[PDB]
Structure formats: structure tokens, C-alpha cells
file query_13.cif (mmCIF, C-alpha atoms; chains and numbers go by the auth columns)
data_query
#
loop_
_atom_site.group_PDB
_atom_site.id
_atom_site.type_symbol
_atom_site.label_atom_id
_atom_site.label_comp_id
_atom_site.label_asym_id
_atom_site.label_seq_id
_atom_site.Cartn_x
_atom_site.Cartn_y
_atom_site.Cartn_z
_atom_site.B_iso_or_equiv
_atom_site.auth_seq_id
_atom_site.auth_asym_id
ATOM 1 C CA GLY A 1 3.943 -30.536 51.513 0.00 1 A
ATOM 2 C CA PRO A 2 2.203 -33.570 53.084 0.00 2 A
ATOM 3 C CA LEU A 3 2.352 -36.048 50.204 0.00 3 A
ATOM 4 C CA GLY A 4 1.871 -32.906 48.121 0.00 4 A
ATOM 5 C CA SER A 5 4.169 -33.636 45.184 0.00 5 A
ATOM 6 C CA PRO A 6 2.291 -34.864 42.071 0.00 6 A
ATOM 7 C CA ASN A 7 4.726 -33.103 39.740 0.00 7 A
ATOM 8 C CA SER A 8 7.942 -34.302 41.369 0.00 8 A
ATOM 9 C CA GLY A 9 10.004 -34.972 38.246 0.00 9 A
ATOM 10 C CA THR A 10 9.362 -33.676 34.732 0.00 10 A
ATOM 11 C CA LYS A 11 6.483 -34.690 32.466 0.00 11 A
ATOM 12 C CA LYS A 12 5.732 -38.360 31.826 0.00 12 A
ATOM 13 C CA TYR A 13 4.436 -39.360 28.387 0.00 13 A
ATOM 14 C CA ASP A 14 1.273 -39.211 26.278 0.00 14 A
ATOM 15 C CA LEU A 15 -0.227 -42.680 25.834 0.00 15 A
ATOM 16 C CA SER A 16 -3.343 -41.690 23.895 0.00 16 A
ATOM 17 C CA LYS A 17 -3.430 -45.079 22.168 0.00 17 A
ATOM 18 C CA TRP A 18 -1.249 -48.153 22.684 0.00 18 A
ATOM 19 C CA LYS A 19 -1.410 -51.677 21.265 0.00 19 A
ATOM 20 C CA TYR A 20 -1.681 -54.676 23.584 0.00 20 A
ATOM 21 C CA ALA A 21 1.481 -56.020 21.960 0.00 21 A
ATOM 22 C CA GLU A 22 3.420 -52.802 22.540 0.00 22 A
ATOM 23 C CA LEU A 23 2.355 -52.726 26.188 0.00 23 A
ATOM 24 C CA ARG A 24 3.118 -56.393 26.827 0.00 24 A
ATOM 25 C CA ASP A 25 6.302 -56.122 24.770 0.00 25 A
ATOM 26 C CA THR A 26 7.406 -52.754 26.145 0.00 26 A
ATOM 27 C CA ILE A 27 6.890 -53.907 29.731 0.00 27 A
ATOM 28 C CA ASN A 28 8.691 -57.163 28.954 0.00 28 A
ATOM 29 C CA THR A 29 11.466 -55.349 27.093 0.00 29 A
ATOM 30 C CA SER A 30 11.856 -51.861 28.554 0.00 30 A
ATOM 31 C CA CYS A 31 11.797 -51.226 32.301 0.00 31 A
ATOM 32 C CA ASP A 32 11.149 -48.068 34.316 0.00 32 A
ATOM 33 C CA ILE A 33 9.009 -47.304 37.366 0.00 33 A
ATOM 34 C CA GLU A 34 7.656 -44.546 35.126 0.00 34 A
ATOM 35 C CA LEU A 35 6.791 -46.461 31.958 0.00 35 A
ATOM 36 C CA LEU A 36 5.855 -49.549 33.967 0.00 36 A
ATOM 37 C CA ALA A 37 3.597 -47.454 36.196 0.00 37 A
ATOM 38 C CA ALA A 38 1.994 -45.491 33.362 0.00 38 A
ATOM 39 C CA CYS A 39 1.802 -48.629 31.226 0.00 39 A
ATOM 40 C CA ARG A 40 0.005 -50.514 33.995 0.00 40 A
ATOM 41 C CA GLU A 41 -2.371 -47.592 34.513 0.00 41 A
ATOM 42 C CA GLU A 42 -3.698 -47.753 30.956 0.00 42 A
ATOM 43 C CA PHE A 43 -3.455 -51.546 30.964 0.00 43 A
ATOM 44 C CA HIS A 44 -5.983 -51.897 33.785 0.00 44 A
ATOM 45 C CA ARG A 45 -8.106 -48.913 32.764 0.00 45 A
ATOM 46 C CA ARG A 46 -8.317 -50.157 29.177 0.00 46 A
ATOM 47 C CA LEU A 47 -9.536 -53.496 30.529 0.00 47 A
ATOM 48 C CA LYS A 48 -12.119 -51.647 32.624 0.00 48 A
ATOM 49 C CA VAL A 49 -13.783 -48.470 31.348 0.00 49 A
ATOM 50 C CA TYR A 50 -17.284 -49.049 32.710 0.00 50 A
ATOM 51 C CA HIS A 51 -19.818 -47.826 30.154 0.00 51 A
#
call {"tool": "encode", "arguments": {"input": "query_13.cif", "output": "C-alpha cells"}}
result
Amino acid sequence: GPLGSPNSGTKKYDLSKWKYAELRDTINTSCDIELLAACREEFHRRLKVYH
């Protein structure tokens, strides 16, 4: 429906905890609108959690 498609493809991945090196390295090494998107999501959030 109207922009109604959050599932679209299959399931993404569980990034409960990730190291800054793995994120910076993964993004620099691997490449995928999925990983890059999810990686950036936690990247920013991790930098800002607001107590």
C-alpha cells in the first residue's frame, strides 16, 4: 500500500553489539544498502542515546 512495505525483502540482521572497528571496517570493506543502512543506523544511534 502507500509506502506500506516495511518488510519488503527477508529479515535483516541482529546487531545487538558491534565494535567501532568492525563497523568502520565492515563499511569500508563490505558494501550493501542493507548492511550500510543498518550499520549507519546503529552508528548514529550509538553516538546519540540521550540519557
call {"tool": "resolve_selection", "arguments": {"input": "query_13.cif", "expression": "the PyMOL selection byres ((chain A and resi 23) around 10)", "output": "compact mmCIF listing (two decimals) with C-alpha atoms, in the frame of the given file"}}
result
# COMPACT_ATOMS: atom_id res chain seq x y z
CA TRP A 18 -1.25 -48.15 22.68
CA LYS A 19 -1.41 -51.68 21.26
CA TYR A 20 -1.68 -54.68 23.58
CA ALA A 21 1.48 -56.02 21.96
CA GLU A 22 3.42 -52.80 22.54
CA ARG A 24 3.12 -56.39 26.83
CA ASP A 25 6.30 -56.12 24.77
CA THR A 26 7.41 -52.75 26.14
CA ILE A 27 6.89 -53.91 29.73
CA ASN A 28 8.69 -57.16 28.95
CA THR A 29 11.47 -55.35 27.09
CA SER A 30 11.86 -51.86 28.55
CA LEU A 35 6.79 -46.46 31.96
CA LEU A 36 5.86 -49.55 33.97
CA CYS A 39 1.80 -48.63 31.23
CA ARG A 40 0.00 -50.51 33.99
CA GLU A 42 -3.70 -47.75 30.96
CA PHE A 43 -3.46 -51.55 30.96
call {"tool": "atom_distance", "arguments": {"input": "query_13.cif", "atom1": "atom CA of residue 15 of chain A", "atom2": "atom CA of residue 38 of chain A"}}
result
8.3 Å
call {"tool": "atom_distance", "arguments": {"input": "query_13.cif", "atom1": "atom CA of residue 6 of chain A", "atom2": "atom CA of residue 48 of chain A"}}
result
24.1 Å
call {"tool": "atom_distance", "arguments": {"input": "query_13.cif", "atom1": "atom CA of residue 13 of chain A", "atom2": "atom CA of residue 37 of chain A"}}
result
11.3 Å
call {"tool": "build_atoms", "arguments": {"input": "query_13.cif", "residues": "segment 5-30 of chain A", "atoms": "N, CA and C atoms", "output": "CSV table (one decimal), in the frame of the given file"}}
result
chain,number,residue,atom,x,y,z
A,5,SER,N,3.1,-33.6,46.2
A,5,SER,CA,4.2,-33.6,45.2
A,5,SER,C,3.8,-34.5,44.0
A,6,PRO,N,2.8,-34.1,43.3
A,6,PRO,CA,2.3,-34.9,42.1
A,6,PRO,C,3.2,-34.6,40.9
A,7,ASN,N,3.8,-33.4,40.8
A,7,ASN,CA,4.7,-33.1,39.7
A,7,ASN,C,6.1,-33.8,39.9
A,8,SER,N,6.7,-33.7,41.1
A,8,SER,CA,7.9,-34.3,41.4
A,8,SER,C,8.9,-34.1,40.2
A,9,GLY,N,9.1,-35.1,39.4
A,9,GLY,CA,10.0,-35.0,38.2
A,9,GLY,C,9.4,-34.2,37.1
A,10,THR,N,9.9,-34.4,35.9
A,10,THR,CA,9.4,-33.7,34.7
A,10,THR,C,8.1,-34.3,34.3
A,11,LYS,N,7.7,-34.1,33.0
A,11,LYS,CA,6.5,-34.7,32.5
A,11,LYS,C,6.7,-36.1,32.1
A,12,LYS,N,5.6,-36.9,32.2
A,12,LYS,CA,5.7,-38.4,31.8
A,12,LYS,C,5.7,-38.5,30.3
A,13,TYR,N,4.6,-39.1,29.8
A,13,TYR,CA,4.4,-39.4,28.4
A,13,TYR,C,3.0,-39.4,28.0
A,14,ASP,N,2.7,-39.2,26.7
A,14,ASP,CA,1.3,-39.2,26.3
A,14,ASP,C,1.0,-40.6,25.6
A,15,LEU,N,0.1,-41.4,26.3
A,15,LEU,CA,-0.2,-42.7,25.8
A,15,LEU,C,-1.7,-42.7,25.4
A,16,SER,N,-2.0,-41.8,24.4
A,16,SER,CA,-3.3,-41.7,23.9
A,16,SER,C,-3.8,-43.1,23.5
A,17,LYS,N,-3.1,-43.8,22.6
A,17,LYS,CA,-3.4,-45.1,22.2
A,17,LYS,C,-2.2,-46.0,22.1
A,18,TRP,N,-2.3,-47.2,22.7
A,18,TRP,CA,-1.2,-48.2,22.7
A,18,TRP,C,-1.8,-49.6,22.4
A,19,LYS,N,-1.0,-50.3,21.6
A,19,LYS,CA,-1.4,-51.7,21.3
A,19,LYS,C,-1.1,-52.6,22.4
A,20,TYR,N,-1.9,-53.7,22.5
A,20,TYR,CA,-1.7,-54.7,23.6
A,20,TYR,C,-0.3,-55.3,23.4
A,21,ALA,N,0.2,-55.4,22.2
A,21,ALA,CA,1.5,-56.0,22.0
A,21,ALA,C,2.6,-55.1,22.4
A,22,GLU,N,2.4,-53.8,22.1
A,22,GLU,CA,3.4,-52.8,22.5
A,22,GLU,C,3.5,-52.7,24.1
A,23,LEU,N,2.4,-52.8,24.7
A,23,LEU,CA,2.4,-52.7,26.2
A,23,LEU,C,3.0,-54.0,26.8
A,24,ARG,N,2.6,-55.1,26.3
A,24,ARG,CA,3.1,-56.4,26.8
A,24,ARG,C,4.6,-56.5,26.4
A,25,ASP,N,4.9,-56.1,25.2
A,25,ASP,CA,6.3,-56.1,24.8
A,25,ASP,C,7.2,-55.1,25.5
A,26,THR,N,6.7,-53.8,25.5
A,26,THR,CA,7.4,-52.8,26.1
A,26,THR,C,7.7,-53.1,27.6
A,27,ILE,N,6.7,-53.5,28.3
A,27,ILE,CA,6.9,-53.9,29.7
A,27,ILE,C,7.9,-55.1,29.9
A,28,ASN,N,7.8,-56.0,28.9
A,28,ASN,CA,8.7,-57.2,29.0
A,28,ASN,C,10.1,-56.8,28.5
A,29,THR,N,10.2,-55.8,27.6
A,29,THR,CA,11.5,-55.3,27.1
A,29,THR,C,12.0,-54.2,28.0
A,30,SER,N,11.4,-53.0,27.8
A,30,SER,CA,11.9,-51.9,28.6
A,30,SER,C,11.5,-52.0,30.0
